[PDB]
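For reference, the chain that follows is the form deposited in one PDB entry, supplied as structure tokens.
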């Protein structure tokens, strides 16, 4: 039915957290919802199986509220072709690609609104503020993205060691804005956020440039509160996470009004306190 929607998401704590289902009873309990993940049998076949999992987190709570207020049901699945979204040889992968190519009616998760994505999908109003921030060890003297240590790295001996996790909105922005910085940085590409935090804590990296909302959450949970974001939490290119819909979607209007009602009624601040607050 037209009221039962295919929805794609991506694991990224604390926005989307994936757990195993109880083998018995094979049912999702507590604050979790069913979500499925296509898992390959092997690398010499296209055969796979949809493994039943359970999903929770900030964006899952938003989805549950939207489901109730906007009046839809959904079949939630985890993207397996890439991550948030990157255009490769003019073809979008990740959550963006699932929506563009009509495999999902919407994408719900830690999906950053930017200009190039907005050309191929519609975005809801932002429901979580984000941007580009810089994580360092407390006390590191870095003004921001425009710091000369980033812009002209080889003016320093030894040079500053900094990197990102490639293929998302952050790398796209640096590639477009700071060509020399970008080509320098790629030798410090990090395979994921957990690797980057280990490189910082152990002195292999001086700075980690990445999504503000994620970095703020990791800073709040850091053991010893040693890792911080620069500028009392400054953000370049402020934007937000948004729900991605197909261009011209008939769901956008009510989704937007619902999100704005949650914000205006204090419901969003509750989810922030539930999922995003940290000790530090």
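Numbering follows the first chain given and starts at 1. For clarity, a rigid core is taken as the largest C-alpha set superposing within 1.5 Å between two forms.
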Go through the other compared entries with residues on either side of residue 17 and state whether a third or more give it no coordinates.
-> no
Given 205-213 and 153-161, the range whose Cα B-factors average higher in the PDB entry = 153-161
Looking at the deposited entry, does 106-114 or 142-150 carry the larger mean Cα B-factor?
-> 142-150
Reading the B-factor column for Cα atoms of 40, 218, 247, 36, the highest value belongs to 247
For the C-alpha B-factor as written in the entry, point me to the maximum among 67, 239, 229, 44.
-> 44
Would you mind ranking residue 71 by its C-alpha B-factor against the rest of the chain and naming the third, lowest, middle or highest?
-> highest
Going by the recorded CA B-factors, say which third of the chain residue 18 sits in, lowest, middle or highest.
-> middle
Residue 273's Cα B-factor: lowest, middle or highest third of the chain?
-> middle
Among the modelled residues of its chain, the C-alpha B-factor of residue 90 falls in the third labelled middle
Against its chain's modelled residues, does residue 169's Cα B factor rank lowest, middle or highest third?
-> lowest
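Keep in mind that the form deposited in another entry is missing from the display, and what follows is about it.
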Report the residue, chosen from 104, 121, 132, 196, for which the CA moves 2 Å or more between this form and the one not shown after the rigid core is overlaid.
-> 196
With both forms fit on the core, has residue 89 moved 2 Å or more by CA between this form and the one not shown?
-> no
For residue 205, decide whether the Cα shift between this form and the one not shown is 2 Å or greater, given a superposition on the rigid core.
-> yes
Relative to the superposed rigid core, does the CA atom of residue 72 travel 2 Å or more between this form and the one not shown?
-> no
Looking in the other form, are the Cα atoms of residue 38 and residue 195 closer together or farther apart than here, the change being 3 Å or more?
-> farther
How does the C-alpha distance between residue 189 and residue 81 change in the other form compared with the present structure, closer or farther, given a change of 3 angstroms or more?
-> farther
